[PDB]
Amino acid sequence: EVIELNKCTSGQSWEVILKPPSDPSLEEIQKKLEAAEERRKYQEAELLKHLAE
Amino acid sequence: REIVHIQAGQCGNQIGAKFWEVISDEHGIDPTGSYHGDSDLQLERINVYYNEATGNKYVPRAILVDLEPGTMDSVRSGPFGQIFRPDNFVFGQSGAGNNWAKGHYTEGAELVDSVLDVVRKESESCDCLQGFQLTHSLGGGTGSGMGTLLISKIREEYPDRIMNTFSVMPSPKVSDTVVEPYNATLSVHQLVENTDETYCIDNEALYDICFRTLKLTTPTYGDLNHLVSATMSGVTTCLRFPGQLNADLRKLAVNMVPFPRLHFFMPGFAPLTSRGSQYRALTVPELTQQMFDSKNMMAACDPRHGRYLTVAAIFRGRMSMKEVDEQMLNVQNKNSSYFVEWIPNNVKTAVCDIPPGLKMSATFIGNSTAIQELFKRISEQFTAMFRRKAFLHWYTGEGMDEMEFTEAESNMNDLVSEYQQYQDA
Amino acid sequence: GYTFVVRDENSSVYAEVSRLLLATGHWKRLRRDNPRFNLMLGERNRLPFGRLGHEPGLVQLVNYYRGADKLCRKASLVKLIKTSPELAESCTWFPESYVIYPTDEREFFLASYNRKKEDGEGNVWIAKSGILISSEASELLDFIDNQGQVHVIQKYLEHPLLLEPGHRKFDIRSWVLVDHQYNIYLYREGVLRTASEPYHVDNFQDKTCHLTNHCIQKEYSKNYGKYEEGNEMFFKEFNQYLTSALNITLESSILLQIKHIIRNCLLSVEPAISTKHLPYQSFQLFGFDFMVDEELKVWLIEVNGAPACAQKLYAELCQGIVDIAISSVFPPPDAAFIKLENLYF
Amino acid sequence: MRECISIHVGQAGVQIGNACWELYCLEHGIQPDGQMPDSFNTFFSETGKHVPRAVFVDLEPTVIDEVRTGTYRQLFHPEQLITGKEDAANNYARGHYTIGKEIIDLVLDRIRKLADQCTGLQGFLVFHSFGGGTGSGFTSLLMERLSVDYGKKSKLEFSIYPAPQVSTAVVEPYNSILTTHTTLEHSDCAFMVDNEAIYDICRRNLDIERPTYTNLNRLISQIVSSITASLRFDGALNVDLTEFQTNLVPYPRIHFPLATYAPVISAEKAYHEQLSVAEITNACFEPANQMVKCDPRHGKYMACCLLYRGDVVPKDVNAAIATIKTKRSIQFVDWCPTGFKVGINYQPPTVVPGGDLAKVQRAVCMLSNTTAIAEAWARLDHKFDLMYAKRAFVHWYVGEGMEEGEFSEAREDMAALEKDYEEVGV
Ligand SMILES: Nc1nc2c(ncn2[C@@H]2O[C@H](COP(=O)(O)OP(=O)(O)OP(=O)(O)O)[C@@H](O)[C@H]2O)c(=O)[nH]1
Ligand SMILES: Nc1ncnc2c1ncn2[C@@H]1O[C@H](COP(=O)(O)OP(=O)(O)CP(=O)(O)O)[C@@H](O)[C@H]1O
Ligand SMILES: Nc1nc2c(ncn2[C@@H]2O[C@H](COP(=O)(O)OP(=O)(O)O)[C@@H](O)[C@H]2O)c(=O)[nH]1
Ligand SMILES: [Mg+2]
Ligand SMILES: [Mg+2]
Ligand SMILES: [Mg+2]
């Protein structure tokens, strides 16, 4: 039952121990976003092409 | 979030006119377009279906289409006939003679561009258009042929919008012509490709309900349209009133359509009213059992012959939400085999305080694999005639080729085999 | 009416339970991967308890109690007996055991072995993960180091109750069914896994007289099935031997201690495994293994989470599981299990 | 100083955000107009009026419009409330890609305006749902961009875990896995709030027949308030966002603490004779009081932090901890000290007047990093597996530019996460 008190103002805190143990870049995001945008644009183009037929 | 409504042909304009009379009443709009309602919870989402005109008038964002003036002249004279924008009446003089080819290729092609001019005008005046909803039958010529032609042209001009339809399926019990299976098969082929969601309103089911359930021996189109307008009111409640579930056409499609081609819904309603019926107010347990019963389905399919992929239930009126949840959970626990286990929580429930009319009602929308029974019935009838090339001259005479019929038949047979595949999964 | 899944085809007990459920027109068996079930006859290891009872409106029950391994594993049972407040000071029916790794209670075992050696007391110990019986600490510890995984050095009984004729060792297996409301039920019929070789002190390597394991007797005992079919004596034959040869009933000399041990064991782990505060319900069939010494004292040896039944008792035991544990939660439209209770109510 | 910016994304984030700020205002004696007749300056800025350092974002206006016209309309600056026209339709792909790309830059600018008013920004608190298209999709895009624009700042999450009782979409499991995968590297600590756990607590403890979002959000706000109290009052434990990471996050991926709050008592009850410490401390180990449905009895602890509020003295806390250990299933991993970090805020709990919660003299929120929370991932992953096996609804995501590859990549990451909890938890 070890206790370790830390700071005291509008209340208080402490620790009680019972027993011891034993980045994608901005460009990197934009490419993926635009890669999906083109896939969207392409699918829409395929649809409009099929409707044009 | 605006919806552009289009109604085409005799059926499309008759059910469409009723839908507008029904919701106009619900939203406190009188035949002159003026609001005189006892709640504002009627005007909160009024813009979804109505435009706001000069003297605080609400005008339906509806486009009335037909190749014959008859039905549209009947509308213009009916109770709410003056509510519609006069410019939005677009009609020809030579009808379609219940011929899909005439509506899609010849007579309809001559009138289609002028309809699209009205569609475009209504769309340009939308802050954010969600999509379109078309009412029509698949057995006639204008609604069936020209309606699917309109869908195709609209999709080309608005590929990123939702295309929703209320499609009346034909039946020998309530038939106008022997070529209905031809028209229906040709239209279903168009629907499978160019709609996001289609509410399958079966005339066979509407007839059997009027005859067997309501005991209306000798039912009229007016009797069938009573059920239709009531169902149409129920299925669109989530779009017309403030809500959280399926509040727009896209979220509805995302929740209801797991596979792109499988977007044909089986509506249901309770209680089944008869024009001028008697006294009681159906308890929540009674509403739930009925709306899930084969006898309350607007498509002549036995849900016990297939499985539900997704379901959307809507309760209207003042009732216990705890009781609704208990009853909804009970129907699934008592019939868990009829709901696909591979789509968790596939039954969603919504409640609206404003009832239709009635004190309390329940509307069902089910994407069931049993819907293949409807497509099988049509496919059987279509094949019986096509096998012997019966009545094809009326179609080939308009420019069509037999190959087009073989493709429509094949695409519908594929649709049936796809619904069966997911029933055996 | 109700639906069930079978996720353990190797379980002989629940294979019969499955057949009994299907024999009535109330139960339908779904594919093992279907989550829309009422009863789950789950797998022995890595059962998905987290996914249970989350399907709304559906009442789910599983044939296992999550956390029962803290009683059914050899090392965790030793840990439970020595550390539980309910057992640490009161347990007089568990042989002196120490967990051995190749925590490690190795130091404490050597202290106890040296105390018994100097005082001239019995010093035979048994090591189990592969079982070695010896009176030499050096021999016992070296055996553990050779094999991997944790062994447990238990005190070897040395003076067991021997069955006459034959003068042979035996162990008792009792079947205990704990239902959804934690009601402990002892199945009326037990089994004596007897040895078919005369028991002798010392030697130890004669595994046919020292180990009463059914597989050990079937494959190595030349007299297998000599006294009773499959080396399995029932409680009627055992009660008759007891009342005759020793002038005492089985339900007084041995069964009272058995009932006491079962209730103490299951209630020590009760707060850690209770499904009252969980979205699903649990039930489990346990296999309690006992050993009786010459002074008629019952000793708990092991607890089995997934036990195997005796051929003739399968029909009655599996029907009892269907009635007490399954039919209590899922009832159908319209005295073989003793409910173990405290002296006070 | 050390400021904290809150970002509320989608309906759940916004509506929960409204409840938290309503509570913070009551706790700090701030009126709806910002007037207040310092530690609280980490969440509020001052004029000549106390304005929340918060940003509300949604791809549709109707929910944020309620804030713009509600009781707390004066509280926020118009630029802090950002809305689009078209929502993500419960589709992660629409929120992250199609519609997200259109509004992201505007959001980052409005956030930059808040960051520019900070002398020493600590980091962000992001509130969002796992199930919504904006909550899942837009949030992960936002987190990705924030990691770029603010590199070393901390980012905490309050994630609303899906529950069928209140679920609005069948594809919520998909959105949950997709957002968790994308956000995992960019979140330092995430507090999951299972709506099912909150739902049941409202029914069981507050006797509410059918809980509404208002009921759920007020209970959620209390737990969120307990967690952020240390940042808004001088408090000695969890004084900064970095402290949450260090006291509760042993491994970067295992950053999901389980929150347990007590007592939750009905405002009308009256039989209440005030619960003591040890009564409330014991409740922290009752599954019925957890924010996520799981069994901590069968999960190993990596951290345990007790946050008391109100009339609490250390003596009682220590005595309570001492007894609890001898009567509970508190098992720690063999690589961690079996100890409890305790914090006491003498400020008693505040309740909303005319609310469902009763006002108490003392309360406690326990934040514990237990492997039992992995049950929540298992449930979600199983639902994802059921649908994905048949590719159900996948076309809606592919239609927005996504690929089936992202679905299996996100699922593989979740499989690794479930395995990480397994490795730690034995
Ligand atoms: N607790 C709680 N959950 C909410 C609330 N609002 C929505 N949810 C949950 O959030 C999920 C739906 O996500 P939302 O946040 O509503 O959706 P969104 O972020 O607006 O996304 P889109 O509508 O798809 O653009 C469901 O699981 C709802 O139960 C709320 O106020 N409180
Ligand atoms: N302390 C002890 N005293 C006397 N005999 C013992 C004993 N421990 C074990 N035995 C004997 O050894 C046999 C096997 O014991 P053990 O506990 O290992 O079996 P079990 O059924 O749990 C599985 P396994 O096949 O792994 O041994 C017992 O049936 C008994 O005959
Ligand atoms: N429910 C309903 N079905 C109708 C109505 N009028 C026609 N039908 C059905 O619609 C089909 C005929 O199409 P119709 O709309 O009359 O012709 P169109 O002018 O070519 O579109 C047949 O299957 C009829 O049974 C109506 O008012 N209500
Ligand atoms: Mg028509
Ligand atoms: Mg027609
Ligand atoms: Mg939204």
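Throughout, a chain's letter reflects where its sequence line sits, starting with A, and its residues are numbered from 1. Values below: all heavy atoms of this structure, side chains included; hydrogens, waters and symmetry mates excluded.
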Give, as side chain, backbone, both or neither, the part of D:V333 having an atom under 4.5 angstrom from any heavy atom of chain A.
-> neither
When the 4.5 angstrom heavy-atom criterion is applied to A:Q43 and chain D, the contacting part is side chain
D:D234 and A:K7 have their tightest heavy-atom pair at OD2-NZ, 3.2 Å
Heavy-atom closest pair (A:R40 atom, D:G399 atom, distance to 0.1 Å) is CG-O, 3.6 Å
Given side chains that start at C-beta, do those of D:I344 and A:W14 come closer than 4.5 Å, heavy atoms only?
-> yes
Most contacts with chain D, counted as non-hydrogen pairs under 4.5 angstrom, among A:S13, A:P24, A:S22 = A:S13
Select one option (side chain, backbone, both, neither) describing which atoms of D:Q347 are under 4.5 Å from chain A's heavy atoms.
-> neither
Roughly how far apart are D:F340 CZ and A:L18 CG, rounded to 0.5 Å?
-> 6.5 Å
Residue A:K32 excluded, over 12 heavy atoms near NZ under 6.0 Å | no
With only heavy atoms counted, which part of D:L307 is less than 4.5 Å from chain A, the side chain, the backbone, both or neither?
-> neither
Salt-bridge contact A:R39-D:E403 (side-chain N to carboxylate O under 4.0 Å) = yes
Which bit of A:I29 is near chain D, if near means a heavy-atom gap under 4.5 Å: side chain, backbone, both or neither?
-> side chain
Hey, are the side chains of A:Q12 and D:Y346 touching, using non-hydrogen atoms and a 4.5 Å cut-off?
-> yes
Enter the distance from A:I3:CD1 to D:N318:CG here, rounded to the nearest 0.5 Å.
-> 3.5 Å
A:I17 and D:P337: which non-hydrogen atoms are nearest, and at how many Å?
-> CG2-CB, 4.3 Å
Could you have a look at D:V313, D:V317, D:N238 and say which one has the most heavy-atom pairs with chain A under 4.5 angstrom?
-> D:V317
So, the part of D:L237 with a heavy atom under 4.5 Å from chain A: the answer is both
Toward chain D, the part of A:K41 with a non-hydrogen atom under 4.5 Å | neither
Does A:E1 CD have over 12 foreign heavy atoms under 6.0 Å away?
-> no
Using a 4.5 Å cut-off on heavy atoms from C-beta on, say whether the side chain of D:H96 contacts that of A:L33.
-> yes
Heavy-atom count around A:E27 CD within 6.0 Å, excluding the residue itself: above 12?
-> no
Would you give the length of the straight line joining atom NE2 of D:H186 to atom CG of A:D23, rounded to the nearest 0.5 angstrom?
-> 7.0 Å
Name the region of D:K101, side chain, backbone, both or neither, that has any atom closer than 4.5 Å to a heavy atom of chain A.
-> side chain
Can you find a pair of side-chain heavy atoms, one from A:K19 and one from D:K325, that are under 4.5 Å apart?
-> yes
